[PDB]
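Encoded as structure tokens, the structure appears first; notes follow it.
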Amino acid sequence: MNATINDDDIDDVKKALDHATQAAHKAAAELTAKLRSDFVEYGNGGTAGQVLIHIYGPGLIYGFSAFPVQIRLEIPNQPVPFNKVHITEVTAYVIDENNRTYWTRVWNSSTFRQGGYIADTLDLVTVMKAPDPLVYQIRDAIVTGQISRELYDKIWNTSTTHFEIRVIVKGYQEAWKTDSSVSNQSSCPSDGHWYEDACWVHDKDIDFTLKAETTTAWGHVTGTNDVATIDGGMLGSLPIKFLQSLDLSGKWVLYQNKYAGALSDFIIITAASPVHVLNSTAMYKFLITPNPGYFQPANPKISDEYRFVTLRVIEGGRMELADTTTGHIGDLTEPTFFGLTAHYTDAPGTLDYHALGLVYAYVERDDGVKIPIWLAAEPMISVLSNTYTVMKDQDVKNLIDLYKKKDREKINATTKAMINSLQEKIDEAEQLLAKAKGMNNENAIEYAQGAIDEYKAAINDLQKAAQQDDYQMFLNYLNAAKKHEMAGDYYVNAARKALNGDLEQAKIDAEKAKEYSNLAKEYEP
Numbered sequence: 146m147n148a149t150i151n152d153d154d155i156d157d158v159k160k161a162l163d164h165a166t167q168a169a170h171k172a173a174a175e176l177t178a179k180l181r182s183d184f185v186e187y188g189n190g191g192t193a194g195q196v197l198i199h200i201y202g203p204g205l206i207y208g209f210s211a212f213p214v215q216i217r218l219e220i221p222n223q224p225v226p227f228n229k230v231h232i233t234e235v236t237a238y239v240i241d242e243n244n245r246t247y248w249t250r251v252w253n254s255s256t257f258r259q260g261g262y263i264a265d266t267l268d269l270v271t272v273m274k275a276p277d278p279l280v281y282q283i284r285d286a287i288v289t290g291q292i293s294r295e296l297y298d299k300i301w302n303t304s305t306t307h308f309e310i311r312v313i314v315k316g317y318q319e320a321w322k323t324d325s326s327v328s329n330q331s332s333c334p335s336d337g338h339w340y341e342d343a344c345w346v347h348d349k350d351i352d353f354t355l356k357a358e359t360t361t362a363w364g365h366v367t368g369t370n371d372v373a374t375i376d377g378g379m380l381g382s383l384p385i386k387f388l389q390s391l392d393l394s395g396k397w398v399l400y401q402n403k404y405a406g407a408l409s410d411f412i413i414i415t416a417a418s419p420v421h422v423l424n425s426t427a428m429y430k431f432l433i434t435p436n437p438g439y440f441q442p443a444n445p446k447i448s449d450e451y452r453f454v455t456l457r458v459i460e461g462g463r464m465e466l467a468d469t470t471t472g473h474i475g476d477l478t479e480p481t482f483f484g485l486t487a488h489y490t491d492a493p494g495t496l497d498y499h500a501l502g503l504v505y506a507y508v509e510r511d512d513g514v515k516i517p518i519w520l521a522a523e524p525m526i527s528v529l530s531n532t533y534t535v536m537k538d539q540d541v542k543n544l545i546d547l548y549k550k551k552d553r554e555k556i557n558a559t560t561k562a563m564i565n566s567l568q569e570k571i572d573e574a575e576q577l578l579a580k581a582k583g584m585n586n587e588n589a590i591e592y593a594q595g596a597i598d599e600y601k602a603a604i605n606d607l608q609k610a611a612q613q614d615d616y617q618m619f620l621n622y623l624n625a626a627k628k629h630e631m632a633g634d635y636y637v638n639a640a641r642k643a644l645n646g647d648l649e650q651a652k653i654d655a656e657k658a659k660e661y662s663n664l665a666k667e668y669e670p
């Protein structure tokens, strides 16, 4: 079908979907690949000692995730075959810049070969995690549902802590000498060893404590989630006209999400309705997926608890819990979907709503210790307010029909009528520009002016539209004019949000503006 009445030329519209499942899975797969790591040495022991120590972890750790750590112990060969190295206890842990230690893991002598080792290599695998300031606040948030603007900002502004891993190996080496007083294997004691025509016997045991540490381990962690983009995931909301579109009822789109927390461990994919307007309803569907074999060669179980919410943002910037779903997953061995229905109830003072998902789980390390992880993922939606569309589809359809009926006088009447309405929308954009300048809010200023320029472009396209006698050219100008109005509508949403304490959602609206404005210009000569 068409661009001009249906807006089938809008890229967001071309991404709609009858069903969200397989696209969700795809997105998950795609995102997981982006987060796949290779092992890198984090550091090693002094290259002396009855044991060489090497530490390995991922090349990339996203945010506050837990991660597999490999420790490799080399027993170098000995001049004496029986001079076996025994390992009695290996201990690893994370240490912060205040000599505070976390997640200490201990392998006791039971773990190792009774007879000791000579010329050999040993691989130890464990799971670790840096310091995590937010974890318990997120856990509370999930349980009680109480989420303030304070916590909320804190989620996106807290940084990863500096840390290092250190390992301690303990045990003893056997020392053996030849017992010069034995002449024949027969006379070489049962415990001794005949070997190279001499009878070797066990002299002493020599203790060691070896210790290795990493350097700039924390340098493998990244905070920038820009890495976490899905191809074609959406931002914001389709223009409000799409509320009366049966064509789009019951359709989904994947949304880009903003992430914080243990993104390397598991992920959340968001599919939702593509339209979000005050006093209207939207569907959300969240996929929670463990991030496949990120802990390889380790294989810890992971399990538990979530809360998906919408948060009403009050003018000024305060937030309050709106619609919410919460429960337990058990073991997240398989992807699972969770739904949330948002009704964007409008009350005086209501600015907009945000959607957020919080998950809290435990990675259970083979030693039984349980390490808490959390994820926060915010669908990059935007809730629009009613801006009173001037170019309703019906009216656009009438106008085109007039063109065919050759009724240039009615085309003229209508154009003029529509232009009055846009002039009015401009008058209000001018009021926003005023407040924006008054409160010295740079962004609102830019947005409000943007709105004014968009509406102005639309008014101009309507003027030219009425004078066309090529058909496509008449369509093209109506279509440019339509998208320009949509762009201006976004800008106005943006300014309004900027002015009242939601600059984040404002930036989404403003970006959508730039997009529809550019789509418009593709139709202008």
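Each residue of the sequence shown is one higher than the one before, counting from 146 in the authors' numbering. A virtual CB, placed ideally from N, CA and C, is assigned to each residue, including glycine.
Beta-carbon spacing of residue 525, residue 626 below 8 Å: no
Alpha-carbon to alpha-carbon, residue 386 and residue 523: 25 Å
Local Cβ density within 10 Å of residue 499, reported as buried at 16 or more and exposed below that: buried
Whole-number beta carbon distance between residue 397 and residue 418, since they are thought to touch under 8 Å: 7 Å
Backbone secondary structure at residue 377 - three-state DSSP: coil
Residue 601 vs residue 571 beta-carbon contact at 8 Å: yes
Which of helix, strand or coil DSSP assigns to residue 254: helix
Within 8 Å, strictly: CB atoms of residue 208 and residue 427: no
Neighbourhood of residue 261 by C-beta, 6 Å cutoff - its chain only, sequence neighbours within 5 removed: 229, 230, 231
Beta strand (DSSP E) segments (min. 3 residues) lying fully within the stretch 425-461: 426-435, 446-459
Any non-hydrogen atom of the ligand NAD closer than 7 Å to residue 611 Cβ: The model depicted lacks the ligand NAD and carries no ligand whatsoever.
Per DSSP, the bridge partner or partners of residue 473: 450
Assumed close pair residue 272, residue 312 - CB separation to whole angstroms, cut-off 8 Å: Not really, about 14 Å apart at Cβ, beyond 8 Å.
Contiguous beta strand (DSSP E) assignments of at least 3 residues, all confined to the stretch 216-281: 230-241, 246-253, 265-274
Bridge-paired residues (DSSP) for residue 186: 201
Spatial distance of residue 613 from residue 542 (CA atoms): 16 Å
Element boundaries [alpha helix (DSSP H), containing residue 299]: 294-302
DSSP bridge partner residues for residue 323 (one or two, in chain order): 345
Integer Cβ distance of residue 306 from residue 276, believed to fall under 8 Å: 4 Å
Cβ pair residue 622, residue 658 closer than 8 Å: no
Which listed residue (248, 422, 346) has its alpha carbon closest to that of residue 323: 346
Start and end residues, beta strand (DSSP E) containing residue 488: 481-488
Nearest-angstrom Cβ-Cβ length linking residue 560 and residue 611, presumed shorter than 8 Å: 4 Å
Whether residue 310 touches residue 452 by CB criterion (8 Å): no
Span of the alpha helix (DSSP H), counted from its first residue to its last, around residue 515: That residue, residue 515, is in no alpha helix (DSSP H); its beta strand (DSSP E) goes 515-524.
Residue 398, enclosing beta strand (DSSP E) - first and last residue: 398-400
Burial state of residue 660 (16 or more Cβ within 10 Å): buried
Assigned secondary structure, residue 315 (DSSP; H/G/I helix, E/B strand, else coil): strand
Buried versus exposed call for residue 475 [16 or more other C-beta atoms within 10 Å across all chains shown]: exposed
Contiguous alpha helix (DSSP H) assignments of at least 4 residues, all confined to the stretch 639-666: 648-666
Sufficient close CB pairs (3 or more, under 8 Å) joining the stretch 180-192 to the stretch 356-367: yes
Exposed unless 16 or more other CB atoms sit within 10 angstroms - verdict on residue 599: buried
Check whether residue 643 and residue 632 have beta carbons under 8 Å apart: no
Cβ contact check for the stretch 325-336 and the stretch 362-376: 3 or more pairs under 8 Å: no
7 Å CB neighbourhood of residue 515 in its chain, flanking five on each side removed: 507, 509
Status (buried if at least 16 other CB within 10 Å, exposed otherwise) for residue 319: buried
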